[PDB]
>>> print(open('protein.txt').read())   # compact mmCIF, C-alpha atoms
# COMPACT_ATOMS: atom_id res chain seq x y z
CA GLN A 8 -10.84 -27.58 -3.33
CA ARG A 9 -12.90 -26.05 -6.12
CA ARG A 10 -12.86 -22.81 -4.13
CA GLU A 11 -9.07 -23.16 -3.90
CA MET A 12 -8.85 -23.61 -7.67
CA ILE A 13 -10.81 -20.39 -8.21
CA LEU A 14 -8.41 -18.61 -5.84
CA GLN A 15 -5.41 -20.01 -7.74
CA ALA A 16 -6.83 -18.67 -11.01
CA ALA A 17 -7.28 -15.20 -9.49
CA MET A 18 -3.67 -15.36 -8.23
CA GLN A 19 -2.37 -16.07 -11.75
CA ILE A 20 -4.23 -13.08 -13.24
CA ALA A 21 -3.08 -10.90 -10.33
CA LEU A 22 0.60 -11.78 -10.76
CA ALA A 23 0.54 -11.38 -14.55
CA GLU A 24 -1.87 -8.49 -15.17
CA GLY A 25 -2.80 -6.83 -11.86
CA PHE A 26 -6.00 -6.09 -10.00
CA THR A 27 -8.04 -4.38 -12.73
CA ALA A 28 -7.96 -7.52 -14.89
CA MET A 29 -9.39 -9.58 -12.00
CA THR A 30 -13.03 -9.48 -13.00
CA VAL A 31 -15.33 -12.31 -11.98
CA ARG A 32 -15.93 -13.03 -15.69
CA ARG A 33 -12.19 -13.33 -16.33
CA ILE A 34 -11.46 -15.45 -13.24
CA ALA A 35 -14.33 -17.85 -13.97
CA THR A 36 -13.05 -18.32 -17.52
CA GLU A 37 -9.51 -18.96 -16.26
CA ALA A 38 -10.64 -21.43 -13.57
CA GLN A 39 -13.07 -23.03 -16.08
CA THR A 40 -16.08 -22.49 -13.83
CA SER A 41 -19.25 -20.41 -13.79
CA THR A 42 -19.50 -16.85 -12.53
CA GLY A 43 -22.25 -18.20 -10.27
CA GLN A 44 -19.73 -20.47 -8.55
CA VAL A 45 -17.28 -17.58 -8.14
CA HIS A 46 -20.04 -15.55 -6.47
CA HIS A 47 -21.00 -18.52 -4.28
CA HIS A 48 -17.49 -18.92 -2.85
CA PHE A 49 -16.55 -15.23 -2.52
CA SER A 50 -18.63 -12.45 -0.96
CA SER A 51 -17.55 -9.83 -3.50
CA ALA A 52 -15.12 -9.30 -6.36
CA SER A 53 -13.03 -7.20 -3.96
CA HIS A 54 -13.03 -9.99 -1.36
CA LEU A 55 -11.60 -12.32 -4.02
CA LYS A 56 -8.93 -9.78 -5.02
CA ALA A 57 -7.85 -9.28 -1.40
CA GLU A 58 -7.81 -12.99 -0.60
CA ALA A 59 -5.67 -13.70 -3.67
CA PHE A 60 -3.37 -10.81 -2.77
CA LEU A 61 -2.85 -12.19 0.74
CA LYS A 62 -2.17 -15.66 -0.67
CA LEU A 63 0.43 -14.21 -3.04
CA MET A 64 2.04 -12.29 -0.16
CA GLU A 65 2.21 -15.43 1.98
CA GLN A 66 3.70 -17.07 -1.11
CA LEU A 67 6.31 -14.29 -1.33
CA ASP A 68 7.37 -14.96 2.26
CA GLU A 69 7.59 -18.69 1.50
CA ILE A 70 9.78 -18.06 -1.55
CA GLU A 71 11.97 -15.72 0.50
CA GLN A 72 12.52 -18.43 3.14
CA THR A 73 14.14 -20.67 0.50
CA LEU A 74 16.98 -18.32 -0.40
CA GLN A 75 19.99 -19.70 1.41
CA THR A 76 21.45 -17.38 4.04
CA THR A 77 24.28 -17.86 6.51
CA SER A 78 23.40 -14.92 8.78
CA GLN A 79 20.40 -12.96 9.95
CA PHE A 80 22.14 -9.93 8.43
CA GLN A 81 21.65 -11.56 5.02
CA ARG A 82 18.04 -12.47 5.72
CA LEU A 83 17.27 -8.88 6.73
CA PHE A 84 18.52 -7.61 3.35
CA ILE A 85 16.14 -10.04 1.65
CA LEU A 86 13.15 -9.19 3.86
CA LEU A 87 13.74 -5.45 3.36
CA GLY A 88 13.93 -5.77 -0.44
CA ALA A 89 17.60 -4.84 -0.84
CA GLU A 90 18.47 -7.91 -2.94
CA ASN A 91 15.91 -7.65 -5.82
CA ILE A 92 15.41 -11.35 -6.56
CA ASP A 93 14.06 -11.60 -10.10
CA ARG A 94 11.48 -14.19 -9.04
CA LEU A 95 9.75 -11.65 -6.79
CA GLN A 96 9.44 -8.71 -9.21
CA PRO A 97 5.80 -9.47 -10.17
CA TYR A 98 5.04 -9.95 -6.47
CA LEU A 99 6.48 -6.52 -5.64
CA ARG A 100 4.65 -4.99 -8.61
CA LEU A 101 1.38 -6.23 -7.07
CA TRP A 102 2.37 -4.96 -3.62
CA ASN A 103 2.94 -1.44 -4.96
CA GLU A 104 -0.32 -1.74 -6.90
CA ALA A 105 -2.18 -2.69 -3.71
CA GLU A 106 -0.63 0.29 -1.92
CA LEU A 107 -2.47 2.59 -4.35
CA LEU A 108 -5.81 0.77 -3.95
CA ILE A 109 -6.11 1.02 -0.17
CA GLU A 110 -7.68 4.46 -0.74
CA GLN A 111 -10.64 3.12 -2.73
CA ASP A 112 -11.06 -0.58 -1.87
CA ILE A 113 -12.08 -1.47 1.69
CA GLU A 114 -11.03 -5.12 1.42
CA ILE A 115 -7.65 -4.30 -0.10
CA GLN A 116 -7.17 -1.68 2.63
CA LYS A 117 -7.60 -4.35 5.31
CA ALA A 118 -5.49 -6.96 3.50
CA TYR A 119 -2.61 -4.53 2.94
CA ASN A 120 -2.46 -3.80 6.68
CA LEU A 121 -2.48 -7.52 7.49
CA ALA A 122 0.45 -8.00 5.09
CA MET A 123 2.25 -5.07 6.74
CA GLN A 124 1.89 -6.66 10.18
CA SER A 125 3.07 -9.99 8.76
CA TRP A 126 6.11 -8.22 7.29
CA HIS A 127 6.86 -6.54 10.62
CA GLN A 128 6.60 -9.86 12.45
CA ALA A 129 8.99 -11.53 10.00
CA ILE A 130 11.54 -8.77 10.67
CA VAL A 131 11.02 -9.09 14.44
CA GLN A 132 11.61 -12.84 14.16
CA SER A 133 14.83 -12.32 12.18
CA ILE A 134 16.09 -9.67 14.62
CA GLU A 135 15.35 -11.81 17.66
CA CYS A 136 16.99 -14.83 16.04
CA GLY A 137 20.11 -12.80 15.27
CA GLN A 138 20.19 -11.52 18.85
CA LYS A 139 19.71 -15.03 20.29
CA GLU A 140 22.51 -16.34 18.05
CA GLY A 141 24.97 -13.66 19.18
CA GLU A 142 25.08 -11.98 15.78
CA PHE A 143 23.01 -8.87 16.67
CA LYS A 144 23.26 -6.48 19.61
CA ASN A 145 20.18 -5.42 21.58
CA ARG A 146 20.41 -1.68 22.27
CA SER A 147 16.70 -1.31 21.43
CA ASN A 148 13.83 -3.77 21.55
CA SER A 149 13.13 -5.82 18.45
CA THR A 150 9.63 -4.44 17.84
CA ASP A 151 10.94 -0.86 17.75
CA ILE A 152 13.82 -1.71 15.42
CA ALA A 153 11.54 -3.60 13.02
CA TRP A 154 9.16 -0.66 12.61
CA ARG A 155 12.09 1.71 12.09
CA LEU A 156 13.59 -0.56 9.42
CA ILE A 157 10.25 -0.83 7.61
CA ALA A 158 9.75 2.93 7.92
CA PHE A 159 13.19 3.54 6.41
CA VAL A 160 12.82 1.35 3.34
CA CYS A 161 9.26 2.54 2.66
CA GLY A 162 10.38 6.14 3.06
CA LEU A 163 13.42 5.69 0.83
CA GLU A 164 11.30 4.09 -1.90
CA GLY A 165 8.75 6.88 -1.48
CA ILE A 166 11.44 9.49 -2.11
CA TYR A 167 12.66 7.58 -5.18
CA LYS A 168 9.15 7.94 -6.64
CA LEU A 169 9.56 11.73 -6.64
CA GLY A 170 12.21 11.77 -9.36
CA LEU A 171 14.57 14.06 -7.46
CA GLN A 172 17.76 15.10 -9.24
CA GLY A 173 20.52 14.32 -6.74
CA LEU A 174 19.35 10.89 -5.63
CA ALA A 175 20.47 7.61 -7.20
CA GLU A 176 18.09 4.65 -6.85
CA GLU A 177 21.12 2.34 -7.10
CA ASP A 178 22.20 3.46 -3.60
CA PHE A 179 19.26 1.68 -1.91
CA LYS A 180 21.28 -1.34 -0.76
CA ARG A 181 24.12 0.83 0.54
CA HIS A 182 21.72 3.00 2.57
CA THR A 183 19.79 -0.01 3.88
CA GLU A 184 23.04 -1.73 4.89
CA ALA A 185 24.12 1.40 6.78
CA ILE A 186 20.87 1.56 8.76
CA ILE A 187 20.89 -2.17 9.58
CA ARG A 188 24.48 -1.82 10.82
CA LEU A 189 23.67 1.19 13.01
CA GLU A 190 20.64 -0.48 14.59
CA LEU A 191 22.04 -3.94 15.14
CA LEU A 192 25.69 -4.21 14.07
CA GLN B 8 4.90 45.21 -5.70
CA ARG B 9 1.35 44.77 -6.95
CA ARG B 10 2.40 41.31 -8.15
CA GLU B 11 3.78 40.67 -4.66
CA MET B 12 0.47 41.72 -3.12
CA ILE B 13 -1.39 39.23 -5.33
CA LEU B 14 1.05 36.51 -4.21
CA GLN B 15 0.49 37.45 -0.56
CA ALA B 16 -3.28 37.11 -1.02
CA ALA B 17 -2.86 33.64 -2.55
CA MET B 18 -0.62 32.67 0.39
CA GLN B 19 -3.33 33.65 2.89
CA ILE B 20 -5.98 31.54 1.14
CA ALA B 21 -3.50 28.65 0.84
CA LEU B 22 -2.63 28.66 4.55
CA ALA B 23 -6.26 28.97 5.69
CA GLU B 24 -8.24 26.92 3.14
CA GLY B 25 -5.85 24.98 0.88
CA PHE B 26 -5.22 24.75 -2.83
CA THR B 27 -8.75 24.10 -4.12
CA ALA B 28 -9.95 27.46 -2.76
CA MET B 29 -7.17 29.26 -4.68
CA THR B 30 -9.16 30.24 -7.74
CA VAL B 31 -8.17 33.33 -9.70
CA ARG B 32 -11.60 34.82 -8.89
CA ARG B 33 -11.05 34.30 -5.16
CA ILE B 34 -7.46 35.58 -5.14
CA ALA B 35 -8.35 38.71 -7.12
CA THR B 36 -11.17 39.48 -4.67
CA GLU B 37 -8.83 38.98 -1.70
CA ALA B 38 -6.05 41.13 -3.20
CA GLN B 39 -8.67 43.71 -4.32
CA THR B 40 -7.58 43.54 -7.96
CA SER B 41 -8.96 42.33 -11.28
CA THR B 42 -8.75 38.78 -12.57
CA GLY B 43 -7.11 40.34 -15.62
CA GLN B 44 -4.24 41.57 -13.46
CA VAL B 45 -3.87 38.14 -11.85
CA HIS B 46 -3.61 36.60 -15.31
CA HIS B 47 -1.12 39.27 -16.41
CA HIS B 48 1.30 38.53 -13.56
CA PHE B 49 0.96 34.72 -13.46
CA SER B 50 1.13 32.32 -16.40
CA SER B 51 -1.57 30.00 -15.02
CA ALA B 52 -3.66 29.41 -11.92
CA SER B 53 -1.36 26.46 -11.16
CA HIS B 54 1.74 28.66 -11.52
CA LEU B 55 0.26 30.99 -8.89
CA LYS B 56 -0.52 28.09 -6.54
CA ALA B 57 3.01 26.70 -6.84
CA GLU B 58 4.68 30.08 -6.40
CA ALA B 59 2.62 30.77 -3.27
CA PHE B 60 3.40 27.29 -1.96
CA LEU B 61 7.14 27.85 -2.41
CA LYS B 62 6.88 31.24 -0.68
CA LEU B 63 5.07 29.64 2.25
CA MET B 64 7.72 26.90 2.45
CA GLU B 65 10.53 29.46 2.45
CA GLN B 66 8.49 31.20 5.15
CA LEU B 67 8.35 27.95 7.14
CA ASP B 68 12.15 27.69 7.05
CA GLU B 69 12.43 31.32 8.18
CA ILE B 70 10.07 30.72 11.11
CA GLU B 71 12.02 27.58 12.03
CA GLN B 72 15.29 29.56 12.14
CA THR B 73 13.86 31.76 14.92
CA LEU B 74 13.25 28.98 17.43
CA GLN B 75 16.14 29.22 19.86
CA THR B 76 18.41 26.18 19.92
CA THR B 77 21.62 25.49 21.81
CA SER B 78 22.75 22.51 19.71
CA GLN B 79 22.48 21.18 16.19
CA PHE B 80 20.82 18.13 17.78
CA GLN B 81 17.93 20.41 18.75
CA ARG B 82 17.77 22.06 15.33
CA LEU B 83 17.59 18.64 13.64
CA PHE B 84 14.51 17.73 15.70
CA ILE B 85 12.86 20.93 14.49
CA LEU B 86 13.84 20.48 10.84
CA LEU B 87 12.62 16.86 10.88
CA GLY B 88 9.23 17.79 12.38
CA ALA B 89 9.68 16.07 15.74
CA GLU B 90 8.75 19.15 17.80
CA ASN B 91 5.29 20.05 16.34
CA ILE B 92 5.38 23.83 16.79
CA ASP B 93 1.77 25.03 16.76
CA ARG B 94 2.66 27.95 14.48
CA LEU B 95 3.62 25.56 11.67
CA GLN B 96 0.57 23.27 11.67
CA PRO B 97 -1.18 25.06 8.75
CA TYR B 98 2.16 25.05 6.91
CA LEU B 99 2.48 21.28 7.34
CA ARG B 100 -1.16 20.80 6.37
CA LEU B 101 -0.37 22.52 3.06
CA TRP B 102 2.80 20.45 2.60
CA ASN B 103 0.84 17.20 2.94
CA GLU B 104 -1.81 18.64 0.62
CA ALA B 105 0.85 19.43 -2.00
CA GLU B 106 2.21 15.89 -1.69
CA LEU B 107 -1.13 14.59 -2.99
CA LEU B 108 -1.27 17.08 -5.89
CA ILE B 109 2.09 16.25 -7.48
CA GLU B 110 0.26 13.46 -9.36
CA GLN B 111 -2.09 15.83 -11.19
CA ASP B 112 -0.50 19.30 -11.21
CA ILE B 113 2.72 19.76 -13.18
CA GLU B 114 3.68 23.02 -11.46
CA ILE B 115 3.03 21.68 -7.97
CA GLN B 116 5.05 18.58 -8.91
CA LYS B 117 8.07 20.75 -9.72
CA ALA B 118 7.64 23.03 -6.70
CA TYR B 119 7.34 20.11 -4.28
CA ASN B 120 10.67 18.71 -5.51
CA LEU B 121 12.33 22.11 -5.14
CA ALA B 122 11.07 22.27 -1.55
CA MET B 123 12.38 18.74 -0.95
CA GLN B 124 15.86 19.72 -2.14
CA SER B 125 15.70 22.86 0.02
CA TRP B 126 14.77 20.68 3.01
CA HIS B 127 17.66 18.30 2.29
CA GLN B 128 20.10 21.20 2.03
CA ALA B 129 18.92 22.64 5.36
CA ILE B 130 19.58 19.26 7.00
CA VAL B 131 23.00 19.02 5.32
CA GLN B 132 23.84 22.49 6.64
CA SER B 133 22.80 21.55 10.18
CA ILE B 134 24.76 18.28 10.06
CA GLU B 135 27.90 19.96 8.74
CA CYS B 136 27.61 22.72 11.34
CA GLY B 137 27.29 20.15 14.13
CA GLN B 138 30.31 18.27 12.78
CA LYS B 139 32.37 21.47 12.48
CA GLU B 140 31.42 22.43 16.05
CA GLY B 141 32.51 19.07 17.47
CA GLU B 142 28.98 18.05 18.41
CA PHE B 143 28.43 15.44 15.64
CA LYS B 144 30.63 12.58 14.47
CA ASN B 145 31.32 11.98 10.77
CA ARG B 146 31.10 8.24 10.09
CA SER B 147 29.17 8.95 6.87
CA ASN B 148 29.07 11.98 4.61
CA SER B 149 26.51 14.67 5.36
CA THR B 150 24.60 14.33 2.07
CA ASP B 151 24.01 10.60 2.67
CA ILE B 152 22.88 11.12 6.27
CA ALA B 153 20.48 13.91 5.30
CA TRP B 154 18.69 11.78 2.70
CA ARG B 155 18.46 8.89 5.17
CA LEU B 156 16.98 11.16 7.86
CA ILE B 157 14.42 12.56 5.41
CA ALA B 158 13.63 9.05 4.18
CA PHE B 159 13.06 7.88 7.75
CA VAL B 160 10.65 10.61 8.82
CA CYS B 161 8.71 10.48 5.54
CA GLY B 162 8.51 6.70 5.81
CA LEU B 163 7.43 6.78 9.44
CA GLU B 164 4.69 9.32 8.68
CA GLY B 165 3.66 7.22 5.68
CA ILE B 166 3.21 4.18 7.91
CA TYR B 167 1.17 6.24 10.40
CA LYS B 168 -1.27 7.03 7.58
CA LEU B 169 -2.09 3.32 7.27
CA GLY B 170 -3.86 3.10 10.63
CA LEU B 171 -2.00 0.00 11.78
CA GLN B 172 -2.99 -1.46 15.13
CA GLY B 173 0.31 -1.85 16.99
CA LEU B 174 1.85 1.51 16.15
CA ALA B 175 1.53 4.64 18.29
CA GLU B 176 1.91 7.98 16.51
CA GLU B 177 3.11 9.47 19.81
CA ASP B 178 6.38 7.51 19.44
CA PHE B 179 7.55 9.63 16.47
CA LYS B 180 9.94 11.81 18.50
CA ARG B 181 11.41 8.80 20.31
CA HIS B 182 12.08 6.97 17.03
CA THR B 183 13.48 10.08 15.34
CA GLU B 184 15.77 10.73 18.32
CA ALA B 185 17.05 7.15 18.13
CA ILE B 186 17.92 7.45 14.43
CA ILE B 187 19.61 10.85 14.85
CA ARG B 188 21.69 9.41 17.69
CA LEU B 189 22.74 6.35 15.67
CA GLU B 190 23.76 8.40 12.64
CA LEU B 191 25.52 11.26 14.37
CA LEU B 192 25.64 10.80 18.16
>>> encode(input="protein.txt", output="structure tokens")
Amino acid sequence: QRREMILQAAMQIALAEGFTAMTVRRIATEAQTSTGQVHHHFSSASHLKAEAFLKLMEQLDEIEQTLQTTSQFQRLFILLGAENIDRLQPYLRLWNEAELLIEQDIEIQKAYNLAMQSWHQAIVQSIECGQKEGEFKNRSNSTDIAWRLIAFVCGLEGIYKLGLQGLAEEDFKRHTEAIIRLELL
Amino acid sequence: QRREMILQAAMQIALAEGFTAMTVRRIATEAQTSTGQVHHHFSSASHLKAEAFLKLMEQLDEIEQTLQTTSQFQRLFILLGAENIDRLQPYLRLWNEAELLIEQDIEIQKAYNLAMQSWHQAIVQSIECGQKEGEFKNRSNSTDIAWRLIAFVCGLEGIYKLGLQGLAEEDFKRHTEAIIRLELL
């Protein structure tokens, strides 16, 4: 589990300071091990960053599954980021940071796509559960709706980054609710 | 109109080769003028690039208004990029190129936002015309729907750029049609 303890040290630095601080020197110091042992367990510094990122993203999904919901409508708001739980703010800060690194880090590029597919599958699962429970309609198939919901929230957050003048960031929940309602009721 | 002829030369280089080729030396040669006259008429090389970009974007809207449509449903597909007119491919190539430059060019940053607002207002106008003509419903206000439609298509195209494995780019029209139908019928 000494490899796991190195990973846990990288995850702490990632959550608190981001990817650039995640040098092998720093991680070895934090895990109280040698840089030689970090290199033994991980093929590259970028492999370690991506593996810690994926662990933190799996951890984000775990945390999200402990918020109490009564409906799949509620769980969709959480999965789509419309509820801004304060616990998850450093997790989302890392996610946005990873999004910028996929254009210069091959391992982070692959890990980001794996996390995207995991996110899509968690939305599919919530949609299909809501349909099975009688809460959601099924005018379109669940895979199509999930990609459209992800596309919407990523696009809306992309437009917020522009700093446009007639667009209030505080409307994100209201817009996301409207789209969820139109797609599923 | 000698200033206008310099602008037209910059627009030709922009459409054919992109922003990096738009040096003052190159534009002066193409407009058959002196670099001194280019500097007289334009405050900076980046001012010239942004002014030519905005002219080409206004030109894209003009071209789009000449495609014959029978419904506002059809015009929305065109405005949202779902119909891939071959004429507009170099215009859209420049638009995506500008999107990358807003993080290092202050004038392109401002011009891109102006074009975004112009795009939003053209969608608002189409929505409100379709509602006035009896073709569209009005469950939400036209400004809200327009931002959501722009957010969707930008988000969908952003997800296409990732190179995910279970996502077919050829589905863009089908997804955009579904969202238009849900928002407006």
>>> residues_around(input="protein.txt", residues="residue 98 of chain A", least_positions_apart="2", cutoff="12 Å", atoms="all atoms listed in the file", output="NGL selection string")
:A and (18-25 or 59-68 or 70-71 or 88 or 91-96 or 100-105)
>>> interface_residues(input="protein.txt", of="chain A", to="chain B", cutoff="7 Å", atoms="all atoms listed in the file", output="number ranges by chain")
A: 120, 158-159, 161-163, 166, 171, 189
>>> residues_around(input="protein.txt", residues="residue 142 of chain B", least_positions_apart="2", cutoff="9 Å", atoms="all atoms listed in the file", output="PDB file with C-alpha atoms, in the frame of the given file")
ATOM      1  CA  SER B  78      22.750  22.510  19.710  1.00  0.00           C
ATOM      2  CA  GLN B  79      22.480  21.180  16.190  1.00  0.00           C
ATOM      3  CA  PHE B  80      20.820  18.130  17.780  1.00  0.00           C
ATOM      4  CA  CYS B 136      27.610  22.720  11.340  1.00  0.00           C
ATOM      5  CA  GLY B 137      27.290  20.150  14.130  1.00  0.00           C
ATOM      6  CA  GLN B 138      30.310  18.270  12.780  1.00  0.00           C
ATOM      7  CA  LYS B 139      32.370  21.470  12.480  1.00  0.00           C
ATOM      8  CA  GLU B 140      31.420  22.430  16.050  1.00  0.00           C
ATOM      9  CA  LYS B 144      30.630  12.580  14.470  1.00  0.00           C
ATOM     10  CA  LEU B 191      25.520  11.260  14.370  1.00  0.00           C
ATOM     11  CA  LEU B 192      25.640  10.800  18.160  1.00  0.00           C
TER      12      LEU B 192
END
>>> residues_around(input="protein.txt", residues="residue 49 of chain A", least_positions_apart="5", cutoff="12 Å", atoms="only C-alpha atoms", output="list in words")
residues 9, 10, 11, 13, 14, 17, 31, 34, 35, 42, 43, 44, 54, 55, 56, 57, 58 and 59 of chain A
>>> atom_distance(input="protein.txt", atom1="atom CA of residue 175 of chain B", atom2="atom CA of residue 134 of chain A")
20.7 Å
>>> residues_around(input="protein.txt", residues="residue 53 of chain A", least_positions_apart="4", cutoff="8 Å", atoms="all atoms listed in the file", output="ChimeraX atom specification")
/A:57,112,114-115
>>> closest_residue(input="protein.txt", among="B:12, B:74, B:153, B:28", to="residue 187 of chain B", atoms="all atoms listed in the file")
B:153
>>> atom_distance(input="protein.txt", atom1="atom CA of residue 82 of chain B", atom2="atom CA of residue 179 of chain B")
16.1 Å
>>> closest_residue(input="protein.txt", among="B:45, B:130, B:107, B:52", to="residue 84 of chain B", atoms="all atoms listed in the file")
B:130
>>> atom_distance(input="protein.txt", atom1="atom CA of residue 73 of chain A", atom2="atom CA of residue 16 of chain A")
24.0 Å
>>> axis_aligned_box(input="protein.txt", around="segment 115-118 of chain A", padding_each_side="8 Å", output="JSON")
{"center_x": -6.6, "center_y": -4.3, "center_z": 2.6, "size_x": 18.2, "size_y": 21.3, "size_z": 21.4}
>>> decode(input="protein.txt", residues="segment 148-170 of chain B", atoms="N, CA and C atoms", output="mmCIF file, in the first residue's frame")
data_model
loop_
_atom_site.group_PDB
_atom_site.id
_atom_site.type_symbol
_atom_site.label_atom_id
_atom_site.label_comp_id
_atom_site.auth_asym_id
_atom_site.auth_seq_id
_atom_site.Cartn_x
_atom_site.Cartn_y
_atom_site.Cartn_z
ATOM 1 N N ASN B 148 -38.981 33.288 -22.297
ATOM 2 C CA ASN B 148 -38.725 34.515 -23.033
ATOM 3 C C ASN B 148 -37.602 34.299 -24.040
ATOM 4 N N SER B 149 -37.624 35.106 -25.101
ATOM 5 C CA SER B 149 -36.757 34.863 -26.248
ATOM 6 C C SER B 149 -35.283 35.071 -25.916
ATOM 7 N N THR B 150 -34.968 35.970 -24.981
ATOM 8 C CA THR B 150 -33.568 36.178 -24.621
ATOM 9 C C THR B 150 -32.998 34.952 -23.916
ATOM 10 N N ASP B 151 -33.791 34.335 -23.035
ATOM 11 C CA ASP B 151 -33.351 33.138 -22.324
ATOM 12 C C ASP B 151 -33.144 31.971 -23.279
ATOM 13 N N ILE B 152 -34.083 31.771 -24.206
ATOM 14 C CA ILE B 152 -33.985 30.656 -25.145
ATOM 15 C C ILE B 152 -32.768 30.821 -26.043
ATOM 16 N N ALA B 153 -32.510 32.050 -26.502
ATOM 17 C CA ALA B 153 -31.375 32.286 -27.390
ATOM 18 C C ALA B 153 -30.052 31.944 -26.719
ATOM 19 N N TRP B 154 -29.865 32.358 -25.461
ATOM 20 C CA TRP B 154 -28.621 32.011 -24.777
ATOM 21 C C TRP B 154 -28.508 30.505 -24.578
ATOM 22 N N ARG B 155 -29.626 29.835 -24.297
ATOM 23 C CA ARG B 155 -29.570 28.391 -24.094
ATOM 24 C C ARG B 155 -29.232 27.665 -25.391
ATOM 25 N N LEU B 156 -29.777 28.135 -26.519
ATOM 26 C CA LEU B 156 -29.453 27.541 -27.814
ATOM 27 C C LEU B 156 -27.983 27.748 -28.165
ATOM 28 N N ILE B 157 -27.462 28.959 -27.944
ATOM 29 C CA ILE B 157 -26.044 29.203 -28.191
ATOM 30 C C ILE B 157 -25.194 28.343 -27.267
ATOM 31 N N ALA B 158 -25.571 28.271 -25.992
ATOM 32 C CA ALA B 158 -24.819 27.461 -25.043
ATOM 33 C C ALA B 158 -24.773 26.008 -25.486
ATOM 34 N N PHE B 159 -25.894 25.497 -25.998
ATOM 35 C CA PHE B 159 -25.955 24.099 -26.407
ATOM 36 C C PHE B 159 -25.008 23.815 -27.563
ATOM 37 N N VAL B 160 -25.078 24.620 -28.626
ATOM 38 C CA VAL B 160 -24.274 24.312 -29.800
ATOM 39 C C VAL B 160 -22.792 24.540 -29.511
ATOM 40 N N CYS B 161 -22.455 25.560 -28.719
ATOM 41 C CA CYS B 161 -21.052 25.748 -28.352
ATOM 42 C C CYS B 161 -20.566 24.605 -27.473
ATOM 43 N N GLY B 162 -21.413 24.146 -26.551
ATOM 44 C CA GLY B 162 -21.034 23.033 -25.695
ATOM 45 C C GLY B 162 -20.889 21.735 -26.460
ATOM 46 N N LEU B 163 -21.809 21.476 -27.389
ATOM 47 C CA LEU B 163 -21.724 20.265 -28.196
ATOM 48 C C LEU B 163 -20.456 20.261 -29.040
ATOM 49 N N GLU B 164 -20.147 21.391 -29.680
ATOM 50 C CA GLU B 164 -18.918 21.468 -30.466
ATOM 51 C C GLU B 164 -17.678 21.400 -29.578
ATOM 52 N N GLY B 165 -17.760 21.910 -28.349
ATOM 53 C CA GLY B 165 -16.650 21.750 -27.423
ATOM 54 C C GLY B 165 -16.393 20.299 -27.069
ATOM 55 N N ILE B 166 -17.459 19.511 -26.919
ATOM 56 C CA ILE B 166 -17.297 18.107 -26.554
ATOM 57 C C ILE B 166 -16.771 17.307 -27.742
ATOM 58 N N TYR B 167 -17.169 17.688 -28.963
ATOM 59 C CA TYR B 167 -16.603 17.066 -30.161
ATOM 60 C C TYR B 167 -15.089 17.231 -30.223
ATOM 61 N N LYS B 168 -14.576 18.376 -29.766
ATOM 62 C CA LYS B 168 -13.138 18.617 -29.822
ATOM 63 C C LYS B 168 -12.354 17.665 -28.934
ATOM 64 N N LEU B 169 -13.016 16.986 -27.998
ATOM 65 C CA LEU B 169 -12.306 16.113 -27.072
ATOM 66 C C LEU B 169 -11.869 14.809 -27.721
ATOM 67 N N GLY B 170 -12.549 14.379 -28.781
ATOM 68 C CA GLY B 170 -12.258 13.094 -29.381
ATOM 69 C C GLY B 170 -12.697 11.940 -28.502
#
